[PDB]
Amino acid sequence: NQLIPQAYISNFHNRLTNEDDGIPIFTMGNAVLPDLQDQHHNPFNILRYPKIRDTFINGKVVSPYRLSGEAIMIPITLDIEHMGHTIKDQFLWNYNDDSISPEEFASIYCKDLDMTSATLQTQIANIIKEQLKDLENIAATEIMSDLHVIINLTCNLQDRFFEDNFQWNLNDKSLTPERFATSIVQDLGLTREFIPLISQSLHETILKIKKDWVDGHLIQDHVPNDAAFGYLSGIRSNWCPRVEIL
Amino acid sequence: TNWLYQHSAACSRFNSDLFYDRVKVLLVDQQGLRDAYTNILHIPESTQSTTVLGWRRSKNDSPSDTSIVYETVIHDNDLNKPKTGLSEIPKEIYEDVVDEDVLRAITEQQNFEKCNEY
Amino acid sequence: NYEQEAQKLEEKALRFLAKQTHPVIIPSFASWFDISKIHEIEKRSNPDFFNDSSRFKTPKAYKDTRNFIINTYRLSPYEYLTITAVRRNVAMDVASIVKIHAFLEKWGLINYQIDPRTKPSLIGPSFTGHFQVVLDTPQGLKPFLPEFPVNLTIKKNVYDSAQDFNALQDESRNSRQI
Amino acid sequence: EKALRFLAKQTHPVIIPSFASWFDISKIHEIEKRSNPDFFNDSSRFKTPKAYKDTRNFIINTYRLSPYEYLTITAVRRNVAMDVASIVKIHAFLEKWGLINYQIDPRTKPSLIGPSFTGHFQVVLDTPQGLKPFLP
Amino acid sequence: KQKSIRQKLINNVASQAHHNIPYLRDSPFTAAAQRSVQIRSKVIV
Amino acid sequence: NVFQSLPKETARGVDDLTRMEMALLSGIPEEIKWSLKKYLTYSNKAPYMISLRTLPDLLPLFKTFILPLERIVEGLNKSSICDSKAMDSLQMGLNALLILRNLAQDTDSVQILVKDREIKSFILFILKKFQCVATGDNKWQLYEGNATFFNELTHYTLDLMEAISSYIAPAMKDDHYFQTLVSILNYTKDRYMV
Amino acid sequence: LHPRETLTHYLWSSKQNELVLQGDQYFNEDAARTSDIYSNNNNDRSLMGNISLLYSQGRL
Amino acid sequence: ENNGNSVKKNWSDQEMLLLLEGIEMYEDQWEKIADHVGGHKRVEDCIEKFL
Amino acid sequence: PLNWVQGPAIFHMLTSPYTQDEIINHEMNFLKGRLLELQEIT
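Residues numbered from 1 in each chain as written, not as in the entry; some residues may be left out. Chains lettered and ligands numbered in written order. Part of a larger assembly, values for the part shown. Heavy atoms only, no water.

Header annotation of the entry names cryo-EM as the structure determination method and lists the resolution as 7.55 Å.

A. Expanded view of the interface of chain C and chain B. Each partner contributes to the interface: chain C provides 46 residues, whereas chain B provides 43 residues. Interface of chain C and chain B: buried area, both sides summed, is about 4,900 Å²; carbon and sulfur atoms make up 55% of it. Taken together, the connections running from chain C to chain B amount to 0 salt bridges. Counting across the interface, chain C meets chain B through 30 residue pairs in polar contact. Counting residues per element, the side of chain C that touches chain B draws most heavily on strand β2 (residues 130-135) of chain C, which supplies 6 residues. Here the residues of the side of chain C that touches chain B are counted per class, giving 23 nonpolar, 16 polar and 7 charged. Relative to β2 of chain C, strand β3 (residues 68-73) of chain B is paired through 5 bridges, and the arrangement is parallel. (Contact = heavy atoms within 4.5 Å. Buried area = accessible area lost by both parts, 1.4 Å probe. Salt bridge = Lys/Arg side-chain N within 4 Å of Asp/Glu carboxyl O. Polar contact = N/O pair within 3.5 Å; in protein donor to acceptor, adjacent residues only side chain to side chain. Helix = DSSP H or I, 4+ residues; strand = E, 2+ residues; numbered from the N terminus. Nonpolar A, V, L, I, M, F, W, Y, C, P; charged D, E, K, R; others polar. Pairing = 2+ DSSP bridges.)

B. View of the interface of chain E and chain I. Between chain E and chain I, the residue contacts involve 8 residues of the former and 5 residues of the latter. Of the roughly 510 Å² buried between chain E and chain I, counting both surfaces, carbon and sulfur atoms make up 57%. Counting the contacts that link chain E with chain I gives 0 salt bridges. Applying the counting rule to chain E against chain I returns 1 residue pair in polar contact. Taken together, the residues of the side of chain E that touches chain I sort by class into 2 nonpolar, 6 polar and no charged.

C. The arrangement of the packing of aromatic side chains in detail. Inspection of the entire model under this criterion finds 37 aromatic pairs over all chains. Arranged with centres 5.4 Å apart and planes meeting at 70°, the rings of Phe50 of chain C and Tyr62 of chain C form a pair that is edge-to-face. Taken together, the residues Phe50 of chain C in the loop between α2 (40-45) and α3 (59-74) and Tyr62 of chain C in helix α3 connect sequence positions 12 residues apart. The ring of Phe68 of chain C is capped by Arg192 of chain A, whose NZ or CZ atom sits 4.5 Å from the centre of that ring. (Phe/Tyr/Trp six-rings, centres within 6.5 Å; stacked < 30°, edge-to-face > 60°. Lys NZ or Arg CZ within 6 Å of the ring centre and 35° of its normal.)

D. Layout of the packing of helix α3 (residues 59-66) of chain F against helix α5 (residues 86-102) of chain F. All names here are of chain F. The geometry of α3 relative to α5 is characterised by a closest axis approach of 8 Å and an angle of 140° between their N-to-C directions. With respect to α5, the element α3 is oriented oblique. Every pair of crossing elements has a handedness; the one defined by α3 and α5 is left-handed. Along the contact surface, α3 presents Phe62, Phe65 and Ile66, while α5 presents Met92, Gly93, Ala96, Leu97, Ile99 and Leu100. The residue inventory of the contact of α3 with α5, partitioned by class, reads 8 nonpolar, 1 polar and no charged. (Axes fitted to C-alpha atoms, helices over the stretch in contact; angles between N-to-C directions. Parallel < 35°, antiparallel > 145°, perpendicular 65-115°, else oblique. Left-handed = near helix turned anticlockwise from the far one by under 90°.)

The following block contains the structure:
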């Protein structure tokens with residue numbers, strides 16, 4: 001007896017719609033959690049924390065949901081307003097992979113939202129089947145000849161807009177943009193939610209520089225702007241990243 | 001002149017400033033964070049003991065005893081040599097190093113990195 | 001200085017430990033798993049990271065989101081972990097993160113639907129023994145020491161039987177000597 | 001001609017281990033030529049060995065201005081006009097041989113935010129006839 | 001009274017004797033006999 | 001209020017059929033020992049539950065115990081089993097043999113075993129190895145210490161051959177199953193084997 | 001032919017047959033009527049650990 | 001006495017006699033024996049003490 | 001298609017012998033003990 005079960009709590013949609021947790025999915029001691037404090041092995045001591053008895057009272061019981069040589073990463077935006085509240089996020093999509101259907105993902109996605117409306121699952125996947133088919137041969141390029149472009153990048157996350165400027169060579173594939181996204185968040189001290197969002201807003205920036213190379217075939221490799229220290233010897237960098245609170 | 005010093009001192013000041021930005025908010029202000037999707041206190045990985053070595057088996061002192069002693073223990077080798085990994089360098093690279101004791105010095109630090117287990 | 005730096009390291013290792021208050025139940029078949037290393041069951045079930053086919057599928061990036069899902073499940077064990085709570089924090093494709101999450105849920109390492117109040121207890125391994133996991137020093141809680149293989153036991157814990165081991169009782173029943 | 005006054009004025013003394021004794025602050029030799037050879041064998045019009053020379057000298061000398069601070073990748077990107085795919089290649093290489101991050105404060109090395117480590121936790125098994133402990 | 005419990009204790013832990021004891025269930029004669037009693041009958045035609 | 005609406009059918013963990021299935025799928029040999037003991041119990045008591053027609057992905061899970069047994073028959077001419085571990089893989093192959101022996105009398109799990117062209121080559125290898133002893137061939141002189149491991153092994157092989165013989169009823173002229181079995185029939189003194 | 005892998009087999013199997021023959025000794029008349037089975041035999045560990053299991057099924 | 005006793009597997013004569021009273025009282029129901037000892041002794045320990 | 005059904009009654013006897021003749025009398029009482037409880041369901 002006196003033992004908590006290992007499952008049957010999925011108080012996540014209430015925290016999706018809690019309006020204090022900074023979640024951009026939906027719109028309509030002194031620690032908060034004892035993940036550094038012991039409780040002397042009495043489970044009543046975890047009820048003193050306000051975000052935990054919130055999950056015990058407002059919680060629910062769930063049933064568990066039960067279910068290629070080079071990946072083509074395509075960032076897929078999903079913007080659907082649905083009964084006042086919206087659905088706003090971004091995710092990459094392995095276009096080379098087809099192990100999960102977008103309808104299977106949308107039935108997975110609307111279950112954690114606790115919507116399961118069965119027409120969001122069509123409308124999410126129809127947008128995904130749109131944006132995969134619109135970008136099916138624009139992220140599979142073979143860019144050579146050292147384009148070495150400068151990149152201004154912006155990232156929108158709850159009025160905490162990140163901005164940087166750097167010279168990117170989309171000829172060597174040594175630096176993963178997800179790895180480049182991680183090195184900013186490690187050094188700036190940001191949260192883990194900027195690990196996908198910087199990489200998802202860079203792959204879209206990459207396939208836009210891929211776009212102008214394959215659609216209009218504009219090379220325009222003419223002096224990526226520098227500060228006369230590295231590549232182009234003017235007199236012998238561009239900027240540094242920042243998270244601007246607008 | 002006064003270009004190369006002014007840029008690098010601004011780099012060291014920015015490295016000092018970015019350290020003062022990341023050390024206050026994470027560890028000193030509230031000693032962690034809180035994720036919005038799951039009720040999990042976020043923390044830097046630098047204070048987390050990311051790996052774990054083997055177990056150590058013993059016995060309690062009295063025979064015919066029923067007491068279980070589960071515990072934990074930290075471990076390191078000499079706590080002063082850092083972990084600048086030369087073991088993530090193939091053995092063919094540092095063979096045109098101009099000396100021979102450096103080949104010993106690379107491999108000893110490699111063997112220092114290879115005795116992570118106790 | 002040296003015992004002071006050993007005591008300074010031991011205090012701040014006590015400061016960041018994530019003390020356990022909930023017991024963790026895994027099924028008896030999925031005992032092949034260890035946190036630090038990748039098992040061969042995982043290398044044959046999710047081989048796209050180990051085939052090195054794409055640049056975004058490495059055994060390092062597999063192991064990171066493997067331990068990230070489990071550590072965010074083991075610290076909140078009574079809550080059913082979802083996919084969308086994980087996808088917003090990790091930077092991978094949706095196809096591969098569903099693969100690992102289904103793999104960890106298939107073996108019951110995460111999301112194990114069980115009520116432990118309806119099952120008995122056993123004493124399988126020996127009663128006695130000073131069972132210590134051997135941790136490594138977190139780089140950051142190391143001493144400065146401007147110029148020492150000190151091992152330190154963090155948490156000692158005695159258990160009079162396995163019944164107080166399964167209930168995580170550290171003979172704290174002397175306070176509640178009912 | 002430019003780094004001589006800079007190395008003399010405001011540089012803290014050099015701390016270097018024994019396995020980096022092959023290193024040459026003046027020029028290149030075969031270790032750097034085989035580690036990251038994209039700076040030498042004409043990978044672009046951009047990645048010249050002279051641009052490799054100015055950046056590897058800027059990287060080690062700023063750490064002479066702060067030897068007990070981890071000289072991070074983003075801070076040197078403020079005044080290095082290079083590909084960030086090339087800045088990471090040098091900065092991981094000199095850190096590999098213990099040049100620019102050898103003897104620092106261990107707490108000023110930046111680490112990622114994340115959950116805690118659950119390795120010392122007590123796990124019990126769902127044995128089909130009981131709940132015996134997991135004690136190897 | 002404790003004789004009746006020790007009768008019910010010994011005759012419950014030893015009446016199997018070959019499902020928990022490892023060297024007895026890993027013997028050749030016991031593992032063949034436990035296999036031999038589980039032989040299902042052959043169906044004619 | 002959330003801890004009273006627990007589903008009762010899943011409040012005990014996973015079900016026993018998956019608990020036996022994940023046991024053989026894991027590398028845990030005692031869970032392999034336990035699940036094979038449960039599979040042989042369920043084969044003798046309820047063959048409709050674990051029929052190959054009902055469970056199609058049950059046939060390779062037993063083949064990985066019985067196909068490595070061919071080397072042990074090849075090494076059976078001498079004192080080969082020195083340890084308790086090669087003995088353990090021998091027992092797991094012999095345990096998986098009888099479960100397929102007990103399920104070959106169901107007439108819906110037999111054709112799936114017939115359409116497998118690998119068990120019949122394994123059957124032929126055992127018969128050819130038995131043809132070394134049934135003729136008395138000094139080729140593969142069977143070690144006298146390893147005869148008891150081979151006696152019950154060929155007893156369940158003949159039971160598998162007795163059930164699938166009507167599916168190879170287009171017998172060939174040089175049918176290796178017909179050729180070996182008439183050489184086996186000139187040797188035994190068992191009333192059951194004849 | 002092989003002195004190695006029949007004596008290693010012997011030194012294991014005769015050890016195994018020494019184990020099997022020594023599996024039936026704590027079940028005599030005056031060996032169970034005394035209390036040198038239950039008391040202090042945690043080195044034995046064989047019985048007095050099933051009382052957490054036999055009582056859970058009602059076997060007493 | 002009515003106070004809680006020491007660390008377990010000590011089995012004082014109060015705990016021994018109150019165990020011996022219950023088996024003369026009930027002859028079974030080791031829940032009803034363990035609280036008669038005082039309730040600070042498990043079911044798994046009184047049978048381990050009685051045998 | 002999932003159907004959480006009850007498993008069949010498997011005759012697992014406590015004392016485990018090895019000769020067959022000590023099993024059939026308890027198994028015939030098992031067949032009387034199981035089919036008669038199964039006939040009333042029909």
